[PDB]
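>>> Next one to model:
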Amino acid sequence: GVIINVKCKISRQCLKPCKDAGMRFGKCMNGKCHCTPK
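Numbering: from 1, shown residues only. Below is the structure in question.
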């Protein structure tokens, strides 16, 4: 999946730009934003 090395203080901060790009999921994991494609 498309994992971004952005500090996920919260999953919503990752998912917002991810689902807008084409990531149906966006979960904060180990410090990275795990954005699974739409």
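>>> Check the secondary structure at residue 15 for me.
Applying DSSP: H, G, I helix; E, B strand; the rest coil to residue 15 yields a three-state assignment of helix.
>>> Report the contact partners of it.
In this structure, residue 15 makes contact with 23, 25, 26, 27, 33, 35, judged by C-beta atoms under 8 Å, 6 or more residues apart in numbering. To be clear about C-beta, it is placed using only N, CA and C from the backbone, and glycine gets the same treatment.
>>> Strands - which of those land there?
Of these, the ones assigned to strands by DSSP state E are 27, 33, 35.
>>> Any chance of JSON lines for those, columns distance to residue 10 and neighbour count?
Shown next, in JSON lines, are these (distance: C-beta to C-beta, whole Å; neighbours: other C-beta atoms under 10 Å):
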{"residue": "27", "distance to residue 10": "10", "neighbour count": "15"}
{"residue": "33", "distance to residue 10": "10", "neighbour count": "23"}
{"residue": "35", "distance to residue 10": "14", "neighbour count": "25"}
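>>> now, which of those residues sits nearest residue 9?
Distance to residue 9, by C-beta to C-beta, is smallest for residue 33 among those, at 10.1 Å.
>>> nearest spatial neighbour of that closest one, skipping sequence neighbours?
What sits nearest to residue 33 in space, not counting adjacent residues and going by C-beta to C-beta, 6 or more residues apart in numbering, is residue 14, at 3.1 Å.
>>> Number of residues surrounding that neighbour?
Residue 14: 25 surrounding residues under other C-beta atoms under 10 Å.
>>> Is it correct that it is in contact with residue 4?
Yes - with contacts counted by C-beta atoms under 8 Å, residue 14 reaches residue 4, the gap being 6.8 Å.
>>> Overlap in contacts, these two.
Counting by C-beta under 8 Å, 6+ apart, the residues touching both residue 14 and residue 4 are 33, 35.
>>> rewinding a little: nearest to residue 19 among the ones in strands among the contacts of residue 15?
Nearest to residue 19 among the ones in strands among the contacts of residue 15, counting by C-beta to C-beta, is residue 35 at 7.9 Å.
>>> looking at it, that closest one is touching residue 23, isn't it?
Yes - the pair formed by residue 35 and residue 23 meets the contact definition of C-beta under 8 Å, at 3.6 Å.
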